[PDB]
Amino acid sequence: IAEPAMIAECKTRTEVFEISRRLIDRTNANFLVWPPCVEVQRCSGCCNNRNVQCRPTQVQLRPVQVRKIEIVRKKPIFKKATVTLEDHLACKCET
């Protein structure tokens, strides 16, 4: 059977966010971070027409702790860094 197609409504869905090393440190390259990606909630889906787009109406900042290794003459220095994620909490179709 072929079921009726259902519109993907404008709402929050779980997406994959890649953790930016550049925001962790823009002035040094000598480091590794873990994990490289986390889940975030994001507004996606399609509105009625192309005069409007699916956009967040409230966003929530969420700090997470990442693992950082600084490499100094081939030796690891273990540190922690805090990345502030942005979660979409609600969406609307917006002009």
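Start at 1 and count along the sequence shown; that's the residue number.
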Can you check if residue 25 is missing its coordinates in at least one third of the other PDB entries compared, counting only those that model the residues either side of it?
yes
By the CA temperature factor listed in this entry, which of these ranks top: 59, 38, 33, 43?
59
How does residue 1 rank on Cα B-factor within its chain, lowest, middle or highest third?
highest
Please rank the C-alpha B-factors of the chain's modelled residues and tell me whether residue 54 sits in the lowest, middle or highest third.
middle
Chain thirds by Cα B factor, record data; residue 22 belongs to the highest
Entry-reported C-alpha B-factor of residue 73 relative to its chain, by third, is highest
